[PDB]
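Chains as they are written, first to last, in the UniProt record's numbering: chain C, 10 to 494; chain B, 10 to 494.
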């Protein structure tokens, strides 16, 4: 019987022994928590979301049960994790990680919060200390790292699998540690997350797309709670889950590309890593805090809004519009021709640049059919647009020290005049612009709070969340009381 | 947005519209119910099994909760289906279907009983009539049919996936029916079973095998209950889940053999069927009622107990033992050389032929290293055992009018004489020996009941299960009452 594959061991040793010493990671983890909870609160206005929430059997009584913020539910950790994971991801406004695999590592808050809430209450009733919110922040940082770092070079999308398996893996490990797993239990849990069935991503792709794109994450972090619980009950592990021949994850599920059914070269049938596990992912995570736009177009629309006062007058006089960009924006979001659905304008670099040049703003209303086929000047600006890749933009898109998403917009006029090239290399949600965006993230948190809580409670919630040292010192159960109903 | 894939529509129209009036199907389903429940009761003596049972949070109260037979547990139907499916499969004594895919369709009783128990109670508490056991028998027949008919020609271990996904699909189907689903809800439920993740089978193969081989099924019927309930909450479906290019089940998971990572010829990249759905599987299902041995050797062990009085005192005169068998037994349980643990001996045709040849019997005690060593004659005879494939046996193993599992044994002596050749082509648990097998199935139920209930309760349970018409008219909640504690 082999020992555990090393990928599982390296996660295990990280989760158990790594000491987070980055105060920036702790800071932005705190802001992630606020941002993520606000997203969840807002989703409670959407009955296609809320129809999933609550106990499986009405009237069920769970001692010391975990709370779902914004509700009165008290559930076992496994269903509370499902519910929280569900609401914080539902509207696709939560944090993002863009790499070989795309993902939303804040989704892991479902498992973290539900397990830590339940366990503080249980320990309190036994005369022991509760867990502190400091420990949920550390759990988030590690969940981010595990998911984000595996995603740096490993794409599940290309083998036809949803990215939600990283949520399941990361949640299993971080929830196993919150439950007090030792090394052998932790490794056992990780092997069950990899032997587990992994969801297809069929529900993310037309003509079969659907609202499971919104709850796959919560269902994954929930399953991570359940796999940790199983390992804590003492279940044995599967040591060669990844490497085993014929039967292992690598041969069965990571050895063929979905587009063509081709076998991968042997050197590519494993996970590969350019770095270890630290606190890189939380430090460099993207927040959605400006224009509602695909991230590759975020800096393009910011330049177009600034360019507005030099094009607002005589938009007809516009002759040439040049959008200099990075290559992935050209691959994923550059589109020519008719924009039929609101999903097509969502994914058109020219559409999302024409609207803020004309109106000085890009809001979610500007994608509805009645708007596009009402202002033909959008299509007029759109045919005038030339998109040129900048080598430097595309390379520093990949450079680990930079991780740019850079766009530059220059509008020319029929007389030969131009405005000059407004270049924006980093979107407002980026690490480089934290001093700028963190106030926007906070006003977005205050607005999300106000859709669920009265002003008295809103201020009390914000004040605690604004105070790092007081937040960290707060028991998880006392933090969760603030969030109920 | 396409219609649902034809496979899903065929399953749904069968589940909603097919009327079950087959007298033999309903009689063997009632014997199937006894045998399955008695198997699960026996598992309660095994802490590795019982460590998985009960609520996730100790002390949880579930109004109208489903019961787990042989325990005092009262759970939601998802956890209840997990525990029932876990316990009835744990010891690998429950019924079997051998085809392109092997399986144990009785695993679906976990989802069927938990849903039908909870729903009867909840309906009683709102003044509605409860479900009857006739409905659980019909749900078993349908679940047996969906799983066992897909397994006729579609092998999932050749693509490196556990067969348990057929438990999830069938349990999803019949539980959605019991919950009252209409056609659009049942289609959506079915589509979520296929888009779901499908476990690897690493845990069934050395050197990684472990006890998840015992609870994978309970985990799969539990997941089926959960997805059925997701569909009844109105969640939209995924219509081209199987046939979608690139993202569908066929392209991602059914397109490669895991031996060699070789792509299948195009025409075989989908499920094939030799017939439609009816009541075929349950009528031809296999019960384990004779010796405790791997199915491919039950007629071998039988042919040896017959040969035992003719050799019982000439053991040192045996010079050649010829075992004429079928192609699957040779491949799966023909093992020369040392046998480390009981699992080896459990899956070694020569062992399960030699022991009965010597001691006129075969029980679990014989798979003990202590018993093995105590008698060196086992290996003397194992080394004299010539295994030969009969082409007929292998063909009739496959033909749908027969489903033979055949073993002929012949014993030769140093002086050149021999016994005859004793051929047993059908094991006792086969449809062709229903008459003789049913006495043994009932005695096996009676013994297993007696490891858990005192004699008068054992009598009430046996007497009720004995009478087809009485059992069928019994409310599910009252049947489950008898099985508590």
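Every residue gets a Cβ at the ideal spot worked out from N, C-alpha and C, and that includes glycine.
Practice problem: Within its chain, find whatever has a CB closer than 7 Å to the CB of residue 130 of chain C; leave out the 5 residues flanking it on each side and keep chain order. | Solution: Excluding residues within five positions, the ones whose Cβ falls inside 7 Å are 73 and 486.
Self-check item: Rounded distance between the beta-carbons of residue 142 of chain B and residue 121 of chain B, thought under 8 Å
Solution: 11 Å between Cβ atoms; not a contact.
Exercise. Leaving out five residues on either side along the sequence, give the residues of the same chain with a beta carbon under 6 Å from the beta carbon of residue 333 of chain B.
Key: Answer for residue 333 of chain B: 397, 399 and 417, listed in chain order.
Quiz item: Who are the neighbours of residue 248 of chain B on chain C, taking C-beta pairs under 7 Å?
Solution: Within 7 Å Cβ-Cβ: 217.
Practice problem: Determine which residues of the segment 203-215 of chain B have a Cβ less than 7 Å from any Cβ of chain C, and write them out in chain order. | Solution: Hits within the stretch, in order: 204, 205, 206, 207, 208, 209, 210, 211, 212 and 214.
Practice problem: Using a Cβ cut-off of 8 Å (strictly closer), state whether residue 258 of chain C contacts chain B. | Solution: So yes, residue 258 of chain C belongs to the interface.
Quiz item: Counting only runs that start and end within the segment 105-152 of chain B, where is the alpha helix (DSSP H) found for 4 or more residues in a row?
Solution: Runs found: 118-134.
Quiz item: With a Cβ-Cβ cutoff of 8 Å, do residue 89 of chain C and residue 123 of chain C count as a contact?
Solution: For the 8 Å CB-CB criterion, residue 89 of chain C and residue 123 of chain C form a contact.
Self-check item: Residues near residue 424 of chain B by beta carbon distance below 6 Å, same chain, minus five either side
Solution: Excluding five sequence positions before and after residue 424 of chain B, none of the CB atoms of its chain fall closer than 6 Å to its own CB.
Quiz item: Which bits of chain B does residue 61 of chain C rub up against, with CB to CB less than 8 Å?
Solution: Here the neighbours are 239, 242 and 244.
Quiz item: residue 12 of chain C CB to nearest chain B CB: under 8 Å?
Solution: No, no contact with chain B.
Quiz item: Just by C-beta distance, which residues in the segment 255-281 of chain C are closer than 7 Å to chain B?
Solution: Contact annotation: in the segment 255-281 of chain C, residues whose CB is within less than 7 Å of a CB in chain B are 255, 256, 257, 258, 260, 261, 264, 265, 267, 268, 270 and 272.
Self-check item: Proximal chain B residues relative to residue 415 of chain C, where beta-carbon distance stays under 7 Å
Solution: Chain order gives no chain B residues near residue 415 of chain C, where near means a beta carbon separation below 7 Å; the closest approach is about 30 Å.
Practice problem: Determine the DSSP secondary structure at residue 395 of chain C, reduced to helix, strand or coil. | Solution: DSSP, reduced to helix, strand and coil, places residue 395 of chain C within a strand of the structure shown.
Quiz item: To the nearest angstrom, how far is it from the Cα of residue 479 of chain B to the Cα of residue 39 of chain B?
Solution: If you take the alpha carbons of residue 479 of chain B and residue 39 of chain B, they lie about 11 Å apart.
Exercise. Alpha carbon to alpha carbon, how far is residue 154 of chain B from residue 321 of chain B? Give it in angstroms, no decimals.
Key: Those two C-alpha atoms are separated by around 44 Å.
Quiz item: Can you tell me the Cα-Cα spacing of residue 355 of chain B and residue 393 of chain B, whole angstroms?
Solution: The straight-line gap from Cα to Cα measures roughly 19 Å.
Quiz prompt | Residues that DSSP places opposite residue 427 of chain C in a beta bridge | solution = DSSP output for residue 427 of chain C lists C/421 as bridge partner(s).
Quiz item: Cβ of residue 87 of chain B less than 8 Å from any chain C Cβ?
Solution: The Cβ of residue 87 of chain B sits closer than 8 Å to at least one Cβ of chain C.
Self-check item: Endpoints, the alpha helix (DSSP H) within which residue 339 of chain B is located
Solution: In the DSSP assignment, residue 339 of chain B falls within the alpha helix (DSSP H) that extends over 336-342.
Practice problem: Pair every Cβ in the segment 169-178 of chain B with every Cβ in the segment 289-297 of chain B, then say whether three or more of these pairs are closer than 8 Å. | Solution: Using a Cβ-Cβ distance cut-off of 8 Å, the segment 169-178 of chain B and the segment 289-297 of chain B are not in contact, since fewer than three pairs of beta carbons, one from each stretch, lie closer than that value.
Practice problem: Report the option in C/95, C/18 and C/469 whose CA atom is closest to the CA atom of residue 57 of chain C. | Solution: For the residues C/95, C/18 and C/469, the minimum Cα distance to residue 57 of chain C belongs to C/95.
Exercise. Find the residues of chain C that neighbour residue 530 of chain B, judging by a C-beta separation of less than 9 Å, and give them in chain order.
Key: No information on residue 530 of chain B is available, as it lies outside the stretch 10 to 494 that chain B covers here.
Practice problem: Inspect the CB distances between the segment 301-308 of chain C and the segment 364-375 of chain C and report whether three or more fall short of 8 Å. | Solution: Yes, they touch.
Exercise. Look up residue 217 of chain C in the DSSP assignment and say whether it is helix, strand or coil.
Key: It is coil, neither helix nor strand.
Quiz item: Between the beta-carbon of residue 220 of chain C and the beta-carbon of residue 361 of chain B, is there less than 8 Å?
Solution: In terms of Cβ geometry, residue 220 of chain C and residue 361 of chain B do not form a close pair [threshold 8 Å].
Practice problem: Could you work out which residue in C/163, C/474 and C/66 is closest to residue 283 of chain C when comparing CA atoms only? | Solution: Comparing Cα positions, the closest option is C/163.
Quiz item: Going by beta carbon distance, what residues of the same chain come within less than 7 Å of residue 252 of chain B, once the five residues before and after it are set aside?
Solution: Closer than 7 Å at Cβ, skipping near neighbours: 14 and 259.
Quiz item: Which residue comes first and which comes last in the alpha helix (DSSP H) that contains residue 292 of chain C?
Solution: Note, residue 292 of chain C: alpha helix (DSSP H), 289-292.
Quiz item: Would you say residue 233 of chain B reaches chain C, if we count a Cβ-Cβ gap shorter than 8 Å as a contact?
Solution: Residue 233 of chain B does not count as touching chain C.
Practice problem: Locate the alpha helix (DSSP H) running through residue 45 of chain B, then write down its first and last residues. | Solution: Per DSSP, residue 45 of chain B belongs to the alpha helix (DSSP H) from 32-52.
Exercise. Indicate whether at least one CB of chain C lies closer than 8 Å to the CB of residue 220 of chain B.
Key: Any Cβ of chain C closer than 8 Å to the Cβ of residue 220 of chain B would place that residue at the interface, and such an atom is present.
Quiz item: Of all the alpha helix (DSSP H) runs that stay within the bounds of the segment 221-257 of chain B, which reach a length of 4 or more residues?
Solution: Listed in chain order, they are 221-241.
Exercise. Run down chain B in chain order and give the residues with a C-beta less than 9 Å from the C-beta of residue 74 of chain C.
Key: Listed along chain B are 66 and 69, each with a C-beta nearer than 9 Å to that of residue 74 of chain C.
Exercise. Grab me the residues of residue 457 of chain C's own chain with a C-beta within less than 6 Å of its C-beta, minus the 5 sequence neighbours each way, in chain order.
Key: Closer than 6 Å at the Cβ level, and outside the excluded window around residue 457 of chain C, lie 47, 50 and 51.
Quiz item: Can residue 210 of chain C and residue 256 of chain B be called in contact, C-beta distance under 8 Å?
Solution: Going by C-beta atoms, residue 210 of chain C is nearer than 8 Å to residue 256 of chain B.
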